[PDB]
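J.: Have a look at this one before I ask anything.
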Amino acid sequence: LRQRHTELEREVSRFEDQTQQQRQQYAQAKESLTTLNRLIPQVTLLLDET
Amino acid sequence: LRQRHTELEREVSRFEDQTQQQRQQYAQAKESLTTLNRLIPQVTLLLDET
Amino acid sequence: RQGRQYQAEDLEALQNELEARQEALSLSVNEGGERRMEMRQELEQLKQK
Amino acid sequence: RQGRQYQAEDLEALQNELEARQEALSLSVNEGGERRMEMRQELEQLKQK
């Protein structure tokens, strides 16, 4: 059971690392998407590269 | 523990409902924001009410 | 559809308001589900017990 | 800021992909949370044992 506890702590660390990395990365993706859909939600089409 | 099950079912129903409503209204407001910044992301400036 | 005329003449600020709402969306859901999800596990545990 | 010159000529696909990645945000965060808390409950059971 102590070996199980050690492996469980390892698994906690793995889950926390995965959750951190994914949440940060996709939060910055959220920010980028917000910037696109705010400043240029097809405002490029209004520009149309005319 | 079966009484605890009853209380747990009560809590589950409450949270399920609350989440359903809140997500519905917030998603509708989000879709409203998207409609704004899609149909009129300051496109009213190009309209300009001339 | 939301608001009834609700200052559509110059609505800019409302969008920023909605951003706050949008934020409160994720929070309001991220907590909620987890809570029920929490009890789900506990419920299972209780059942097992 | 994101990408260095990143299909600015026609970027809508990228907005769509980022929406998909936000769906992935929600899925991944919820899955990680539920798994880690269930295995925390397993930790508690092992502790009592």
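Going by the structure tokens order, chains are called A, B, ..., each with residues numbered from 1, while ligands are numbered from 1 in the order shown.
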Computed after least-squares fitting of chain B to chain A on all C-alpha atoms in order, what is the RMSD in Å?
T.: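 It comes to 1.4 Å after superposition.
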J.: When you get a sec, could you note down which chain D residues fall within 9 Å of chain C, using only C-alpha atoms, as a ChimeraX atom specification?
T.: /D:26,29-30,33-34,37-38,41
J.: So that I can check the surroundings of residue C:1, please list as JSON, numbers by chain every protein, DNA and RNA residue that reaches within 12 Å of it, counting only C-alpha atoms and ignoring chain neighbours fewer than 6 positions away.
T.: {"B": [28, 29, 31, 32, 33, 35, 36], "C": [8]}
J.: In terms of the shortest atom-to-atom distance over only C-alpha atoms, which of A:50, A:24, A:44, A:37 is closest to chain B?
T.: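 Answer, going by the shortest atom-to-atom distance: A:37.
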J.: Figure out the distance between atom CA of residue B:9 and atom CA of residue B:26, please, to one decimal in Å.
T.: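 About the pair atom CA of residue B:26 and atom CA of residue B:9: they are 25.3 Å apart.
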J.: Just list as a VMD selection string whatever in chain D DSSP marks as alpha helix (DSSP H).
T.: chain D and resid 12 to 48
J.: Could you write out as a PDB file with C-alpha atoms, in the first residue's frame the residues of chain A within 9 Å of chain D, counting only C-alpha atoms?
T.:
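Result file out_12.pdb:
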ATOM      1  CA  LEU A   1       0.000   0.000   0.000  1.00  0.00           C
ATOM      2  CA  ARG A   2       2.916   2.383   0.560  1.00  0.00           C
ATOM      3  CA  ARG A   4       0.636   2.212  -4.159  1.00  0.00           C
ATOM      4  CA  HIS A   5       0.714   5.565  -2.354  1.00  0.00           C
ATOM      5  CA  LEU A   8      -0.489   7.527  -6.643  1.00  0.00           C
ATOM      6  CA  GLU A   9       1.575  10.600  -5.777  1.00  0.00           C
ATOM      7  CA  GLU A  11       0.041  10.035 -10.799  1.00  0.00           C
ATOM      8  CA  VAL A  12      -1.086  13.184  -8.965  1.00  0.00           C
ATOM      9  CA  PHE A  15      -2.271  14.877 -13.688  1.00  0.00           C
ATOM     10  CA  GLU A  16      -1.284  18.268 -12.290  1.00  0.00           C
ATOM     11  CA  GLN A  18      -1.042  17.814 -17.734  1.00  0.00           C
ATOM     12  CA  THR A  19      -3.805  20.028 -16.344  1.00  0.00           C
ATOM     13  CA  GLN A  20      -1.496  23.009 -15.914  1.00  0.00           C
ATOM     14  CA  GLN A  22      -3.234  22.276 -21.157  1.00  0.00           C
ATOM     15  CA  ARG A  23      -5.092  24.973 -19.214  1.00  0.00           C
ATOM     16  CA  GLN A  25      -1.791  26.824 -23.382  1.00  0.00           C
ATOM     17  CA  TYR A  26      -5.484  26.808 -24.235  1.00  0.00           C
ATOM     18  CA  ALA A  27      -6.048  29.969 -22.168  1.00  0.00           C
ATOM     19  CA  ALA A  29      -5.248  30.291 -27.320  1.00  0.00           C
ATOM     20  CA  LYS A  30      -8.460  31.761 -25.888  1.00  0.00           C
ATOM     21  CA  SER A  32      -5.545  34.955 -29.243  1.00  0.00           C
ATOM     22  CA  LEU A  33      -8.971  33.904 -30.524  1.00  0.00           C
ATOM     23  CA  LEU A  36      -8.918  37.862 -33.635  1.00  0.00           C
ATOM     24  CA  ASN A  37     -12.700  37.854 -33.203  1.00  0.00           C
ATOM     25  CA  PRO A  41     -13.811  39.186 -36.934  1.00  0.00           C
ATOM     26  CA  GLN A  42     -13.812  39.274 -40.739  1.00  0.00           C
ATOM     27  CA  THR A  44     -10.272  41.525 -43.055  1.00  0.00           C
ATOM     28  CA  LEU A  45     -13.245  40.834 -45.335  1.00  0.00           C
ATOM     29  CA  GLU A  49      -7.633  42.921 -49.633  1.00  0.00           C
TER      30      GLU A  49
END
J.: Return the Cα root-mean-square deviation, in Å, for chain C superposed on chain D by least squares with the Cα atoms paired in order.
T.: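 My reading of the C-alpha RMSD is 1.1 Å.
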J.: What gap, in Å, lies between atom CA of residue A:38 and atom CA of residue B:34?
T.: 9.3 Å
J.: Between atom CA of residue A:43 and atom CA of residue B:46, what is the distance, to one decimal in Å?
T.: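 These atoms are spaced 10.7 Å apart.
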J.: Hey, which of A:21, A:7, A:48, A:40 ends up closest to chain B? Count only C-alpha atoms.
T.: A:40
